[PDB]
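Structure, as structure tokens:
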Number of protein chains: 2
Amino acid sequence: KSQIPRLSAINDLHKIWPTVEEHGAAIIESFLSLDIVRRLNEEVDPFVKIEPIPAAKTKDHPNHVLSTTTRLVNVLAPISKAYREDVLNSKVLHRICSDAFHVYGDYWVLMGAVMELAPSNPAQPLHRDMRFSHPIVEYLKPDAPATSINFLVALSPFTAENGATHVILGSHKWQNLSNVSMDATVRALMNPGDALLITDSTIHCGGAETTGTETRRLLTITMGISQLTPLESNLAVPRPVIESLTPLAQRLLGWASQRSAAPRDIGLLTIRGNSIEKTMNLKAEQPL
Amino acid sequence: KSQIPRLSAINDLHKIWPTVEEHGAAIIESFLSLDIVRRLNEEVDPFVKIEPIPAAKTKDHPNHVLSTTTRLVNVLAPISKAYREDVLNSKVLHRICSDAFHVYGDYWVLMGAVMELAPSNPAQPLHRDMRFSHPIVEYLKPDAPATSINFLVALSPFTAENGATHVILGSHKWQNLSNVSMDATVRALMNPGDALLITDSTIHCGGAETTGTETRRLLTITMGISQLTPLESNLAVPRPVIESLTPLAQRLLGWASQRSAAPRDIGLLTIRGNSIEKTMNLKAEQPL
Ligand SMILES: COc1ccc(/C=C2/C(=O)Nc3ccccc3C(=O)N2C)cc1
Ligand SMILES: COc1ccc(/C=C2/C(=O)Nc3ccccc3C(=O)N2C)cc1
Ligand SMILES: [Br-]
Ligand SMILES: [Br-]
Ligand SMILES: [Br-]
Ligand SMILES: [Br-]
Ligand SMILES: [Cl-]
Ligand SMILES: [Cl-]
Ligand SMILES: [K+]
Ligand SMILES: [K+]
Ligand code: NI
Ligand code: NI
């Protein structure tokens with residue numbers, strides 16, 4: 001069976017979205033440099049260690065789906081200079097997103113999360129993303145352009161033995177799911193900084209950790225049209241942090257108004273015909 | 001031809017959403033009391049008078065669709081005690097919205113706007129709402145439950161002569177629009193405080209103002225699932241104003257996390273498994 005197409009971040013940029021449109025998945029080699037991976041890992045390290053179980057009794061939005069041994073840290077902008085500067089301004093991410101979402105209009109981060117999978121973490125059931133947050137997506141026409149995509153960035157090696165992601169190629173176009181089986185999957189074997197790009201219709205799962213020794217870490221960036229509500233809020237991020245960002249990064253975090261692709265678009269998150277950023281006199285690129 | 005069904009806010013509450021599901025429109029008699037209408041009118045009056053043309057050159061999100069003589073004022077919470085207290089906590093509005101949106105989950109305000117139509121304002125072309133802001137809605141399956149509804153509340157008399165709304169009954173179920181004609185419409189004749197309730201698929205239009213003397217005013221409340229991005233932002237509303245509101249009103253303005261109807265919902269606008277309101281220690285019902 002066909003392996004996941006592998007593309008250059010550097011050379012093949014125009015080919016990435018077309019590849020995912022056709023196959024439902026592509027591996028972007030060196031999506032992030034090892035330097036950015038090192039910085040992001042160092043910055044999020046302590047937040048992963050203090051993070052309670054996904055369904056902790058102290059949480060008012062517990063995640064009952066993730067393995068109890070899994071750790072998920074989102075709202076990364078206040079945690080990680082590497083995330084809010086390098087990742088939110090990624091030339092490769094923005095080319096792919098504008099290619100993917102041009103029919104709809106502006107896009108933003110639905111969730112940027114570091115996930116750490118514990119040794120012996122079981123395989124996730126085969127699934128499509130967004131079904132625990134956005135019931136609306138199941139009501140879209142079968143041939144509706146993808147309204148979200150997910151960059152699964154390796155922050156540690158992804159191997160067959162340590163639970164590298166499974167995908168079913170072509171499954172983003174499936175209506176009948178009677179053929180859904182682990183028999184139909186191929187693996188995203190990845191070095192740190194490689195990214196597996198899938199759509200919200202690609203059938204996939206986290207793999208089984210079978211070594212009982214290896215901790216696997218990823219940065220999952222769900223990018224979606226600005227018409228869909230993010231899984232995460234940046235409302236509590238300090239204004240000085242927001243004002244250190246590029247206007248583009250501010251938009252991705254919901255600290256800007258948003259535009260649809262409608263010819264006479266009237267906009268999203270506006271204030272009497274003016275933008276958030278104009279109304280609030282929101283500064284940009286002010287160092288901390 | 002059949003007239004728009006008229007229902008009691010007081011007695012018929014369980015019948016309102018079923019009526020709109022069947023017919024695409026219903027008139028809710030005395031949706032708002034005359035006292036609430038009087039207060040809301042007095043509170044928004046000066047903001048309507050200072051409001052520039054919809055496509056003013058000073059605006060970075062101009063509205064090129066509305067008549068140049070029309071005035072639209074949104075983000076009403078900071079302007080209007082009557083809006084943020086009485087209207088956002090309306091028992092009738094919340095029963096209808098929970099009836100309409102239960103398949104999807106939480107709902108919030110996509111836009112609360114006062115519109116003032118000038119004497120001699122022309123009829124709007126027959127349309128469905130949301131097509132200048134949410135291209136996604138056109139990609140929903142034909143039988144997808146409505147993801148937004150619009151309360152068109154009369155703040156002045158709606159008469160045939162002064163441009164009372166037109167609706168095509170049953171048009172929320174239309175796929176083929178070859179029968180779209182003003183010949184197919186009936187009128188929402190309404191007293192101040194009556195509301196015309198339509199869905200995002202009901203074909204309708206503002207009527208022609210033919211007297212050349214009458215100014216018509218309405219409060220349009222587009223309620224939508226929390227999975228869809230509002231047309232307007234409350235991000236610049238002062239925290240003391242937000243903290244004066246009920247927890248429900250805070251949720252409607254996007255100053256709370258949101259839940260989907262998914263059995264193991266993981267939520268919207270959360271912060272590492274906790275709500276906005278828990279994270280920010282957001283107080284409620286603190287008088288100004
Ligand atoms: C154990 O099996 C699983 C675990 C997760 C999912 C899927 C999701 C989801 O749809 N969205 C995201 C997106 C990014 C990161 C996490 C999640 C997440 O938390 N869940 C629940 C399915 C199956
Ligand atoms: C002159 O003809 C028109 C004028 C308006 C619309 C429709 C919209 C719309 O879809 N959404 C809303 C919702 C509430 C209030 C205003 C609007 C609005 O601004 N427009 C543009 C159509 C036709
Ligand atoms: Br997991
Ligand atoms: Br994974
Ligand atoms: Br108009
Ligand atoms: Br109207
Ligand atoms: Cl616990
Ligand atoms: Cl002007
Ligand atoms: K699942
Ligand atoms: K129109
Ligand atoms: Ni997944
Ligand atoms: Ni309309």
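Residue numbering restarts at 1 in every chain; chains get A, B, ... in the order shown in the structure tokens, and ligands count up from 1 in that same order.
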>> Residues of chain B within 7 Å of chain A, counting only C-alpha atoms, what are they? List them as a PyMOL selection string.
In response: chain B and resi 59-65+73-75+104+132-136+139-141+144+226-233+236+260+262+264-275+280
Take the residues just selected and output them with C-alpha atoms as a compact mmCIF listing (two decimals), in the first residue's frame.
# COMPACT_ATOMS: atom_id res chain seq x y z
CA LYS B 59 -14.28 52.22 8.97
CA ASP B 60 -11.83 49.30 8.36
CA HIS B 61 -14.84 46.86 8.23
CA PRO B 62 -17.29 48.89 6.10
CA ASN B 63 -20.74 47.36 5.36
CA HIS B 64 -21.17 47.83 1.56
CA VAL B 65 -24.56 45.99 1.59
CA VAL B 73 -25.31 50.03 16.08
CA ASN B 74 -23.97 46.74 17.54
CA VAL B 75 -21.98 45.84 20.72
CA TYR B 104 -25.44 21.36 18.60
CA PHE B 132 -21.80 38.15 3.96
CA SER B 133 -20.04 36.76 7.10
CA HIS B 134 -20.31 32.91 7.24
CA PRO B 135 -19.68 31.23 3.85
CA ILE B 136 -19.51 27.91 5.84
CA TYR B 139 -21.87 24.20 2.72
CA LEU B 140 -24.25 22.69 5.36
CA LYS B 141 -26.47 19.76 4.25
CA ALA B 144 -28.95 20.39 8.80
CA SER B 226 -21.23 28.73 20.09
CA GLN B 227 -19.32 26.80 17.34
CA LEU B 228 -19.85 29.82 14.96
CA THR B 229 -17.88 33.09 15.35
CA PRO B 230 -19.93 36.20 16.22
CA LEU B 231 -20.19 39.11 13.73
CA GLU B 232 -19.35 41.41 16.69
CA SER B 233 -16.72 41.43 19.49
CA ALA B 236 -13.28 45.88 24.39
CA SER B 260 -20.91 21.34 22.49
CA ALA B 262 -21.05 15.89 21.99
CA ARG B 264 -17.80 13.57 25.82
CA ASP B 265 -17.64 17.28 24.85
CA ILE B 266 -14.12 18.78 25.39
CA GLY B 267 -15.46 22.38 25.11
CA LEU B 268 -14.77 25.68 23.28
CA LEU B 269 -12.62 28.67 24.42
CA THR B 270 -11.12 26.62 27.31
CA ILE B 271 -7.70 27.16 28.99
CA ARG B 272 -5.86 23.86 29.79
CA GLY B 273 -9.13 22.10 30.82
CA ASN B 274 -10.53 25.11 32.78
CA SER B 275 -13.12 27.75 31.78
CA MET B 280 -9.86 34.84 35.09
>> If DSSP is run on the backbone, what residues of region 37-227 of chain B are helix (DSSP H, G or I)? A reply as a ChimeraX atom specification would be ideal.
In response: /B:37-50,81-87,91-101,135-139,171-173,182-184
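The environment of residue 120 (chain B) within 9 Å, counting only C-alpha atoms and disregarding residues fewer than 2 places along the same chain, consists of residues 117, 118, 122, 162, 163, 208, 209, 210, 211, 212, 213, 214 and 215 of chain B.
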> Hey, can you check how far CA of residue 174 (chain B) sits from CA of residue 205 (chain B)?
Replying inline: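 Straight-line distance from CA of residue 174 (chain B) to CA of residue 205 (chain B) works out to 16.1 Å.
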>> Let me see if you get this right: every residue at most 7 Å from ligand 6, counting only C-alpha atoms and all ligand atoms, written as a count of residues only.
In response: 6
>> Restricting the calculation to only C-alpha atoms and all ligand atoms: of A:283, A:102, A:166, A:251, which residue gets closest to ligand 4?
In response: A:166
Near-residue 217 (chain B) list (7 Å; only C-alpha atoms; drop same-chain fewer than 3 positions) as an mmCIF file with C-alpha atoms, in the first residue's frame:
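Below you can see selection-v7.cif, which holds the result:
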data_model
loop_
_atom_site.group_PDB
_atom_site.id
_atom_site.type_symbol
_atom_site.label_atom_id
_atom_site.label_comp_id
_atom_site.auth_asym_id
_atom_site.auth_seq_id
_atom_site.Cartn_x
_atom_site.Cartn_y
_atom_site.Cartn_z
ATOM 1 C CA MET B 115 -31.004 49.276 12.966
ATOM 2 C CA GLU B 116 -32.695 52.550 12.031
ATOM 3 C CA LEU B 117 -34.167 52.712 8.495
ATOM 4 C CA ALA B 154 -39.894 46.056 16.457
ATOM 5 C CA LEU B 155 -38.693 49.165 18.416
ATOM 6 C CA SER B 156 -41.243 51.245 16.398
#
> Can you list, as a PyMOL selection string, every protein, DNA or RNA residue that comes within 8 Å of residue 146 (chain B) when you count only C-alpha atoms, leaving out same-chain residues fewer than 3 positions away?
Replying inline: chain B and resi 100-101+149+199-201
Any chance you could export the current selection's C-alpha atoms as a PDB file, in the first residue's frame?
ATOM      1  CA  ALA B 100     -33.535  25.350  18.501  1.00  0.00           C
ATOM      2  CA  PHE B 101     -29.855  24.516  19.240  1.00  0.00           C
ATOM      3  CA  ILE B 149     -31.897  32.309  14.117  1.00  0.00           C
ATOM      4  CA  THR B 199     -33.983  31.103  10.687  1.00  0.00           C
ATOM      5  CA  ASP B 200     -30.755  31.607   8.692  1.00  0.00           C
ATOM      6  CA  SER B 201     -32.588  29.788   5.767  1.00  0.00           C
TER       7      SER B 201
END
>> One decimal, in Å: what's the spacing between CA of residue 195 (chain A) and CA of residue 8 (chain A)?
In response: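 Atom-to-atom, CA of residue 195 (chain A) to CA of residue 8 (chain A), that is 10.8 Å.
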> Neighbours of residue 285 (chain B) within 7 Å (only C-alpha atoms; same-chain residues fewer than 2 positions away dropped), as an MDAnalysis selection string?
Replying inline: chainID B and resid 243:246 287
I need the chosen residues saved as a PDB file, in the first residue's frame, with C-alpha atoms.
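Written output follows (out.pdb):
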ATOM      1  CA  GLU B 243     -18.847  41.574  35.928  1.00  0.00           C
ATOM      2  CA  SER B 244     -22.282  43.343  36.373  1.00  0.00           C
ATOM      3  CA  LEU B 245     -23.885  40.642  34.118  1.00  0.00           C
ATOM      4  CA  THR B 246     -25.388  37.198  34.914  1.00  0.00           C
ATOM      5  CA  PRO B 287     -23.612  46.274  40.370  1.00  0.00           C
TER       6      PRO B 287
END
>> What parts of region 176-219 of chain A does DSSP call strand (DSSP E or B)? I'd like the answer as a ChimeraX atom specification.
In response: /A:186-187,190,195-199,204-205,216-219
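Distance-wise, CA of residue 121 (chain A) and CA of residue 216 (chain A) end up 9.5 Å apart.
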> Smallest atom-to-atom distance to ligand 9: which of A:169, A:186, A:203, A:79, using only C-alpha atoms and all ligand atoms?
Replying inline: A:203
I'd like the neighbourhood of residue 43 (chain A) as an mmCIF file with N, CA and C atoms, in the first residue's frame, where a residue qualifies if any of its atoms comes within 10 Å (using only C-alpha atoms), though same-chain residues fewer than 5 positions away should be ignored.
data_model
loop_
_atom_site.group_PDB
_atom_site.id
_atom_site.type_symbol
_atom_site.label_atom_id
_atom_site.label_comp_id
_atom_site.auth_asym_id
_atom_site.auth_seq_id
_atom_site.Cartn_x
_atom_site.Cartn_y
_atom_site.Cartn_z
ATOM 1 N N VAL A 37 12.423 23.568 17.674
ATOM 2 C CA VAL A 37 11.959 22.372 18.435
ATOM 3 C C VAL A 37 12.597 22.384 19.829
ATOM 4 N N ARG A 38 13.901 22.647 19.908
ATOM 5 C CA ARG A 38 14.649 22.657 21.188
ATOM 6 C C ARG A 38 14.058 23.741 22.093
ATOM 7 N N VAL A 48 4.173 20.886 31.051
ATOM 8 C CA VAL A 48 3.803 19.456 30.846
ATOM 9 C C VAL A 48 3.912 18.720 32.192
ATOM 10 N N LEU A 76 -0.515 28.190 24.340
ATOM 11 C CA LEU A 76 0.967 28.156 24.385
ATOM 12 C C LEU A 76 1.561 29.562 24.266
ATOM 13 N N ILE A 79 3.324 30.898 27.280
ATOM 14 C CA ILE A 79 4.325 29.898 27.762
ATOM 15 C C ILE A 79 5.599 29.997 26.918
ATOM 16 N N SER A 80 5.462 30.226 25.608
ATOM 17 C CA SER A 80 6.530 29.874 24.637
ATOM 18 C C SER A 80 6.773 30.998 23.632
ATOM 19 N N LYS A 81 7.913 31.667 23.778
ATOM 20 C CA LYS A 81 8.417 32.670 22.814
ATOM 21 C C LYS A 81 8.559 32.002 21.444
ATOM 22 N N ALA A 82 9.091 30.774 21.392
ATOM 23 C CA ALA A 82 9.308 30.054 20.115
ATOM 24 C C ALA A 82 7.959 29.860 19.422
ATOM 25 N N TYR A 83 6.925 29.512 20.183
ATOM 26 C CA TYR A 83 5.578 29.298 19.613
ATOM 27 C C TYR A 83 5.030 30.623 19.077
#
> From the set B:204, B:127, B:173, B:95, which residue has the shortest atom-to-atom contact distance to residue 17 (chain B), counting only C-alpha atoms?
Replying inline: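 That would be B:95, the residue with the smallest distance to residue 17 (chain B).
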